[PDB]
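Chemist: just dropping in an experimental structure and the matching sequence.
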Amino acid sequence: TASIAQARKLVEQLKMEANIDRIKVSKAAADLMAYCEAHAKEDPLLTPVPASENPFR
Amino acid sequence: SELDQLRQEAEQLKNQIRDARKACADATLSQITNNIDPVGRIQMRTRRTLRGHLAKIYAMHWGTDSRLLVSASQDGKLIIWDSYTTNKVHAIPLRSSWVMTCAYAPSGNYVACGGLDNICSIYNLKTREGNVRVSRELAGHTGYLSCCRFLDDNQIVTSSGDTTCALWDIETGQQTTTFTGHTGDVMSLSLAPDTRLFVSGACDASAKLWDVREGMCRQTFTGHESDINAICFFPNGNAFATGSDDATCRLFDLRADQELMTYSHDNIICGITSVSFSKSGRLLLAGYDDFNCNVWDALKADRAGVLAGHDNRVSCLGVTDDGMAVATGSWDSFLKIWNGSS
Amino acid sequence: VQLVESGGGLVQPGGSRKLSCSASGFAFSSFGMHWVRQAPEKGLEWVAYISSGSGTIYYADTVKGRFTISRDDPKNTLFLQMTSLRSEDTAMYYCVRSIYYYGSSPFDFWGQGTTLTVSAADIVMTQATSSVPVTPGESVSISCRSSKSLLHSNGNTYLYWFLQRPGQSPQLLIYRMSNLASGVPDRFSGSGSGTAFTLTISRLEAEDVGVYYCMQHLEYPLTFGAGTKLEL
Amino acid sequence: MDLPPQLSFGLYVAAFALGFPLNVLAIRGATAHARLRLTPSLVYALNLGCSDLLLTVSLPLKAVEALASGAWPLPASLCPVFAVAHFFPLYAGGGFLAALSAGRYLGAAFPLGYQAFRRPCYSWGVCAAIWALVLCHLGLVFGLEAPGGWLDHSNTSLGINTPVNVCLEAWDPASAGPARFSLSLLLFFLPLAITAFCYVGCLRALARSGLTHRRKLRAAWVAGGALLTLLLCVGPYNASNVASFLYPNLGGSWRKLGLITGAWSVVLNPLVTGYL
Ligand SMILES: CC(C)CCC[C@@H](C)[C@H]1CC[C@H]2[C@@H]3CC=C4C[C@@H](O)CC[C@]4(C)[C@H]3CC[C@]12C
Ligand SMILES: CC/C=C/C/C=C\C/C=C/C/C=C/C/C=C\C/C=C/CCC(=O)O
């Protein structure tokens, strides 16, 4: 029977998935704000570049 | 008997993971970003119009150098554009005119194509003879090719319509790994920035995250109600967005294993066709079926400017490696290059 | 890939000739063709170039109105018509292939060439040294200088460095001063600042010997360098 | 047999009051589909629409002349330019409709063959031929026989005699008759012959195809709009031109009445083109 083997692999999958170092949602949100704030000046779209620098013009 | 108790155990496990996801969600991402300044109105101009195709465009992919893009059309011609000068560097004639995806290798040496022929052909641009010829016709898929991407110059992970994604070896031609677990046709994949992970969207409204080396699905984030017409990764690789056919975008999280925010608005009722992220990840650009392409703030869920001037369904979308430009290819055989300016 | 040329011999001045360049081993119709001459005991000299599909035609001012370059696609053969010869036209004429697109490598392959013996503004390219004694195992810098800055607005400075082996056709080494040609060892390196153009060889071996020619490609007519010769 | 100068002013601005609102949206309706995709029907609608706009601004300049009982209060330098501004669209509009109805017949009689040559570039060339052949033809009849021209040696301007102040209102009947007749036989009647032939060609093919009761119903009207313009607006005006040829003693009031109907093409042409 292939059903038992599939179920065994599936339960092993969730077992190995469960044991992960999970941090709080607030920590991930703060990391996202830090990423989008430090790299804000380096984003051509969020902060438009001067027309001289803009390669497409 | 035996299958009944197995299905009961499966249902109990699904309930367990659902309540675990609910408990681990202390709050939602919408309330957390209620104090950050909004991105504001964003204006994007049609810097270029890469005309030259004689039929609808079905895919595109930006090169690593953020200058060359390859596009595939129902005319059967794989064109590689020089987006800086709108020059057609190569015009590869496909064996089968039906193509639904294309890709540009990270090294830039190879480009991929595939479609209703279930063959993910790979062409070698850099050759001594000076022309472009197919190098390895990867065959073995039962369904149509949907979206195929290259991990490296020897390893390419692909997605077919046979409910199975595959990882191929160009040098040999056989599937190094086969990914199974989807109960519907898979439409698109999105490679992680660090190349260790990759997700895929299927016709069963479920996006699954897989592993290239493990060979088995790791997480099955499931919040959508309709087929995922395309999936895409966050720039940091810790999240992804799944587009869908029910006119809504969802930003899932790898670590949270649950939906973080839902992008929708009343007046849009046309399913998303393609989704891509900006370099900083703040702007989530999606190509809709109402001839538009809305630009949502990935942390606020407010529409910020639209690239409305395209006259037909936006069938493909791509953001440059450096985030300098955004390119959309519609069914009117026009590739338009866009960027933000004041 | 291979280019074979024929039509050499002893011709009285003022006569007519026909130089034929046969192309085999690659897609001729998609490759632009150049003709390069080399006077004996002198440097290379440009003659003419014909674009892919006969679309555009250029000639050097020295041979303008006298010599004409013509490609033939179905028979895969390039042809240089030849008339009104003079004693200065005796040189080693080379058939040169070059394909032009973004990231391409023009001047990548050179034909064997034919010997021609005749009986009886433009960018000026200068090299300070003509013969550099050297021993294997060290680093060699070759100085190339240009009358005007080759750097363009697009960000590409068009350098082309060639190695001419003794009794052999010159071989492309570096194009655009930074991209290494296919089949060339990694030891070769180049640099430039818009006026001072240099080529560096990381370590020396017996094969590194040869006359080195630096090229400009901002605009036509094409002009060659003085010719830096390396000897042991 | 009556035409008060005020009545001519009233009828002329009536075309101005109706032609102007329709023509601007006619090009707007045409340019709306032009950006999307260019097809031969767009080009003939745009060229007819643009030439319609050219005529629309000409009516106020002609209307004031009507109040003056034929006099020309405007500067005499404008009259040669006004000749192009008014008389050219009267003949340019006739040419395009024949070209437009030529496309309809080709589209319906041989549908597979017409898909091969669907490119608008062919349409522009035929329009360019109408652009040039019309401009050349009145260009030749203006240089040769118009007052102040090659035949008329006088202090009068290249396009205007001044017995009492007239913009081509006093061209001698001796030469204008044969001169206008060349306009009638070439620039109107042969386009009318093409349109009449191409209209019955469409109706023959339209019936054979399967439509939702539109084979000889909805299609008949729109395909007949091109012929309706020629026989109703430009017809009576250009019928007077041939009338003065075989009947040189016929009164000129009929031509004056015809010019109103000829100038009435500003209103009804955008109505029957169907691109509003
Ligand atoms: C003998 C006859 C058929 C020859 C006619 C040739 C000339 C008059 C035609 C042929 C191609 C034509 C051009 C084709 C396309 C355009 C673009 C359009 O936006 C304005 C008119 C313009 C610029 C046309 C002008 C007239 C043109 C130059
Ligand atoms: C007003 C806009 C102009 C744009 C450019 C077009 C024209 C250029 C010049 C062309 C020369 C034309 C000359 C002839 C003009 C009209 C003559 C009309 C006579 C009709 C005779 C009659 O029926 O009484």
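Modeler: Okay, I see it. Numbering: from 1, shown residues only, chains lettered A, B, ... in the order given. Ligands and ions are numbered 1, 2, ... in the order given.
Chemist: can you list contacts of stretch C:51-59?
Modeler: The set of residues external to stretch C:51-59 that reach it, using C-beta atoms under 8 Å, 6 or more residues apart in numbering or on different chains, is C:29-32, C:47-50, C:65, C:67-71, C:73, C:99-100, C:220-221. No exception for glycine: its C-beta is placed from N, CA and C like everyone else's.
Chemist: please redo it, this time with the cut-off set to 7 Å
Modeler: C:29-32, C:48-50, C:67, C:71, C:220 (C-beta atoms under 7 Å, 6 or more residues apart in numbering or on different chains).
Chemist: and the residues you listed, which are buried?
Modeler: When neighbours are counted using 16 or more other C-beta atoms under 10 Å in any protein chain shown, these contain these buried positions: C:31-32, C:48-50, C:67, C:71.
Chemist: got a markdown table for the residues you listed, with distance to residue C:158 and secondary structure too?
Modeler: Listed next are the buried ones among the contacts of stretch C:51-59 as a markdown table, based on distance: C-beta to C-beta, whole Å; DSSP: H, G, I helix; E, B strand; the rest coil:
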| residue | distance to residue C:158 | secondary structure |
| --- | --- | --- |
| C:31 | 19 | coil |
| C:32 | 15 | strand |
| C:48 | 19 | strand |
| C:49 | 14 | strand |
| C:50 | 19 | strand |
| C:67 | 24 | coil |
| C:71 | 23 | strand |
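Chemist: of all those, which two lie farthest apart?
Modeler: Farthest-apart pair in these is C:31 and C:67; separation 20.4 Å (C-beta to C-beta).
Chemist: list just the nearest of the buried ones among the contacts of stretch C:51-59 to ligand 1.
Modeler: Nearest to ligand 1, judged by C-beta to the nearest ligand atom, of these is residue C:50 at 29.7 Å.
Chemist: make JSON lines from the buried ones among the contacts of stretch C:51-59 and add distance to residue B:18 to it.
Modeler: Putting the buried ones among the contacts of stretch C:51-59 into JSON lines (distance: C-beta to C-beta, whole Å) gives the following:
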{"residue": "C:31", "distance to residue B:18": "63"}
{"residue": "C:32", "distance to residue B:18": "65"}
{"residue": "C:48", "distance to residue B:18": "76"}
{"residue": "C:49", "distance to residue B:18": "71"}
{"residue": "C:50", "distance to residue B:18": "71"}
{"residue": "C:67", "distance to residue B:18": "82"}
{"residue": "C:71", "distance to residue B:18": "71"}
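Chemist: return only those of the residues you listed found close to chain B.
Modeler: Of the residues in the buried ones among the contacts of stretch C:51-59, proximity to chain B by C-beta under 7 Å from any C-beta of the partner chain holds for residue C:31.
Chemist: name the nearest residue to residue C:177, ignoring sequence neighbours.
Modeler: residue C:159 (3.8 Å; C-beta to C-beta, 6 or more residues apart in numbering or on different chains).
Chemist: phi, psi for that neighbour please.
Modeler: Backbone dihedrals for residue C:159, given as degrees, to the nearest 10, come out at phi -110, psi 140.
Chemist: how about the helices in chain A?
Modeler: Remark: helices assigned in chain A by DSSP state H are A:2-18, A:25-38.
Chemist: in the longest helix along chain B, which residues are buried?
Modeler: Taking DSSP H as the assignment, the helix of chain B that covers the most residues is helix B:3-24. Using 16+ other C-beta under 10 Å as the burial criterion, the residues of helix B:3-24 that qualify are B:17, B:21.
Chemist: cool, stretch C:97-114 as well?
Modeler: Applying a neighbour-count criterion of 16+ other C-beta under 10 Å, one finds C:97-99, C:102, C:105-111, C:113-114 buried in stretch C:97-114.
Chemist: likewise stretch B:100-111?
Modeler: Buried residues in stretch B:100-111, defined by neighbour count with 16+ other C-beta under 10 Å: B:100-106, B:108, B:110-111.
Chemist: contacting residues for the closest residue to chain A within the stretch 51-200 of chain B?
Modeler: Closest contact between the stretch 51-200 of chain B and chain A, by C-beta to the nearest C-beta, is at residue B:84 (6.8 Å). Residues in contact with residue B:84 (C-beta under 7 Å, 6+ apart) are A:55, B:67.
Chemist: phi and psi next, for it.
Modeler: The phi/psi pair for residue B:84 (degrees, to the nearest 10) reads phi -70, psi -40.
Chemist: go on, the one 4 residues further on?
Modeler: The phi and psi torsions at residue B:88 (degrees, to the nearest 10) take the values phi -90, psi 90.
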